[PDB]
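Q: Experimental structure and sequence below.
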Amino acid sequence: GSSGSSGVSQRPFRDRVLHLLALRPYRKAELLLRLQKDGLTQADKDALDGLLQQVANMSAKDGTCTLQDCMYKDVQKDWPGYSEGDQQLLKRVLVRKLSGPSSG
């Protein structure tokens, strides 16, 4: 929502993945195919592996990446990626992550 229509390509790369994981845990292969749908190159593929470990946590058994708790603070609600079912889903997620118990 900036000029004419809305597009995800116009948005950076960190945001493209920051929003994907924001919803639910996304794996390397699963997230790769998701980004590839809009546009993914060799520079984004390799960079993704290093970005996920930074803006996400990977398990040594399951094989899925989960967005951090503080990283959620850098998440918007007007993301072209979402629409309705995804937006509402992110709401309950933001609550569990952002603003919670005293320490934990």
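A: Sure, I can see it. Numbering: from 1, shown residues only.

Q: Enumerate the positions of the helix or strand where residue 46 lies that are buried.
A: Per DSSP states H and E, residue 46 falls inside helix 42-54. The neighbour-count check on helix 42-54 (16 or more other CB atoms under 10 Å) flags 44, 48, 51-52 as buried. Placement of C-beta: from N, CA and C, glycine included.

Q: Also stretch 6-25?
A: Those would be 11, 15-23, 25, for stretch 6-25 by 16+ other CB under 10 Å.

Q: Please enumerate the helices of the protein.
A: 13-23, 28-38, 42-54, 85-97 (DSSP state H).

Q: Adding distance to residue 67, write those out as TSV.
A: Below are the helices of the chain laid out as TSV (distance: least, CB to CB, whole Å):
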stretch	distance to residue 67
helix 13-23	4
helix 28-38	11
helix 42-54	9
helix 85-97	8
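
Q: Of all those helices, which one comes closest to residue 4?
A: Checking these against residue 4 by CB to CB gives helix 28-38 as the closest, at 17.7 Å.

Q: The closest one: how far from the chain's middle?
A: Mean C-alpha position of helix 28-38 versus that of the full chain (CA atoms, centre = their mean, to the nearest Å) differs by 11 Å.

Q: just stretch 32-49 next, same as before
A: Mean-position distance between stretch 32-49 and its chain equals 13 Å (CA atoms, centre = their mean).

Q: who touches that stretch?
A: Taking contacts as CB atoms under 8 Å, 6 or more residues apart in numbering, the residues outside stretch 32-49 that touch it are 8-9, 13, 16-17, 20, 26, 28, 31.

Q: Quick check: end-to-end length of that stretch?
A: 10 Å (CA to CA, to the nearest Å).
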